[PDB]
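# Coordinate inspection notes
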Amino acid sequence: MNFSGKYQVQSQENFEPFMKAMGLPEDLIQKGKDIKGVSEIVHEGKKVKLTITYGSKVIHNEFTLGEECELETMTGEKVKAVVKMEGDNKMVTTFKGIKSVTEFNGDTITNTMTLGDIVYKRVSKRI
Ligand SMILES: CCCCCCCC/C=C\CCCCCCCC(=O)O
Ligand SMILES: CCCCCCCC/C=C\CCCCCCCC(=O)O
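Residues numbered from 1 in each chain as written, not as in the entry; some residues may be left out. Chains lettered and ligands numbered in written order. Heavy atoms only, no water.

This deposited entry lists X-ray crystallography as its structure determination method and 2.3 Å as its resolution.

As structure tokens, this is what we get:
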């Protein structure tokens with residue numbers, strides 16, 4: 001399907017509770033709470049190059065679909081995980097008890113991460 005492009009967050013639910021349970025330090029939660037971050041994807045085959053920019057904070061991640069790689073979380077911690085291609089438009093992965101589902105529909109990306117009873121929801125559109 002090719003997911004290349006630049007997108008910006010339009011809306012989100014449960015950012016604070018989810019981020020809290022992730023151990024993201026208070027002040028950052030307060031700061032990123034109101035930042036409409038930009039995400040850039042470069043998709044080439046099973047190679048996904050991902051860059052997330054939140055104001056002055058940037059995180060670079062790169063992984064191969066199906067392969068176990070090391071993902072950098074927003075705290076700085078690094079984890080190992082396999083990102084899978086579920087269906088034709090969904091990228092699914094699991095780490096630290098979190099279940100992550102990214103669904104692509106043209107200009108719209110919908111991301112859903114569930115931790116316990118919390119469901120952090122993000123809706124982005126291509127810019
Ligand atoms: C697509 C998977 C979901 C990615 C969620 C990313 C969430 C990032 C969380 C917030 C980071 C907080 C950074 C606060 C601002 C730091 C620098 C600044 O002030 O500009
Ligand atoms: C807890 C947040 C830590 C974020 C680390 C990155 C994890 C990303 C894992 C899944 C890859 C799916 C890529 C989807 C990009 C969506 C961009 C967006 O929603 O802004």
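### Some words on the overall build of the protein
Scanning the protein for helices and strands turns up two helices and eleven strands. Going from N to C terminus, the protein has its helices and strands arranged as β-α-α-β-β-β-β-β-β-β-β-β-β. In summary, the protein has a C-alpha radius of gyration of 14 Å against a globular reference of 14 Å for 127 residues, a match within 12%. Judged by the C-alpha coordinates and their principal axes, the protein covers about 40 × 30 × 25 Å. (Helix = DSSP H or I, 4+ residues; strand = E, 2+ residues; numbered from the N terminus. Rg over C-alpha atoms; globule rule 2.2 N^0.38 Å.)

### What to know about the layout of surface pockets
Computed from the structure, the largest pocket encloses a volume of approximately 1,100 Å³. Lining the largest pocket are 39 residues, with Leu50, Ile52, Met74, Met113 and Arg122 sitting closest to its centre. A class-by-class count of the residues in the lining of the largest pocket yields 25 nonpolar, ten polar and four charged. (1 Å grid on protein atoms, 1.4 Å probe; cavity = no way out; pocket = protein on both sides within 12 Å on 5 of 7 lines; lining within 4 Å. Points joined across faces, edges and corners; volume = space filled by probe spheres on them. Nonpolar A, V, L, I, M, F, W, Y, C, P; charged D, E, K, R; others polar.)

### Regarding the pattern of salt bridges
Counting across every chain of the model gives four salt bridges. A salt bridge links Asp34 to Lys33, with the shortest nitrogen-to-oxygen separation between them at 3.1 Å. On the accessibility criterion, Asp34 (54% relative accessible area) is exposed. In this structure, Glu77 and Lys96 form a salt bridge, with 3.3 Å as the shortest nitrogen-oxygen distance. Residue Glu77 is found in the loop between strand 5 (68-72) and strand 6 (78-82), and its partner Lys96 is found in the loop between strand 8 (90-95) and strand 9 (98-105); the two are separated by 19 residues along the sequence. What makes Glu77 partly exposed here is its relative accessible area of 36%. (Salt bridge = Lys/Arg side-chain N within 4 Å of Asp/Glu carboxyl O. Buried < 20%, exposed > 50% of the residue type's maximum accessible area, 1.4 Å probe, protein only.)

### Thoughts on the site of ligand 1
Every residue lining ligand 1 is accounted for by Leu28, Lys31, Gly32, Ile35, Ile52, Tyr54, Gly55, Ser56, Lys57, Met113 and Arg122. A distance of 2.7 Å is found between an oxygen atom of ligand 1 and a side-chain nitrogen or oxygen belonging to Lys31. Here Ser56 contributes a backbone N or O atom positioned 2.8 Å from an oxygen atom of ligand 1. Bound to the protein, ligand 1 loses 83% of the 580 Å² it would expose on its own. Because more than half of its atoms lie within 2 Å of the grid, ligand 1 is assigned to the largest pocket. Elements with a contribution of two residues or more to the shell around ligand 1: helix 2 (26-32) and strand 3 (47-54). Broken down by element, the shell around ligand 1 gets its largest block of residues, three residues, from helix 2. When its residues are assigned to classes, the shell around ligand 1 shows five nonpolar, three polar and three charged. (Near = heavy atom within 4 Å. Polar contact = N/O pair within 3.5 Å; in protein donor to acceptor, adjacent residues only side chain to side chain. Areas by Shrake-Rupley, 256 points an atom, 1.4 Å probe, with all protein chains shown as cover. Sits in = over half its atoms within 2 Å of the grid points.)

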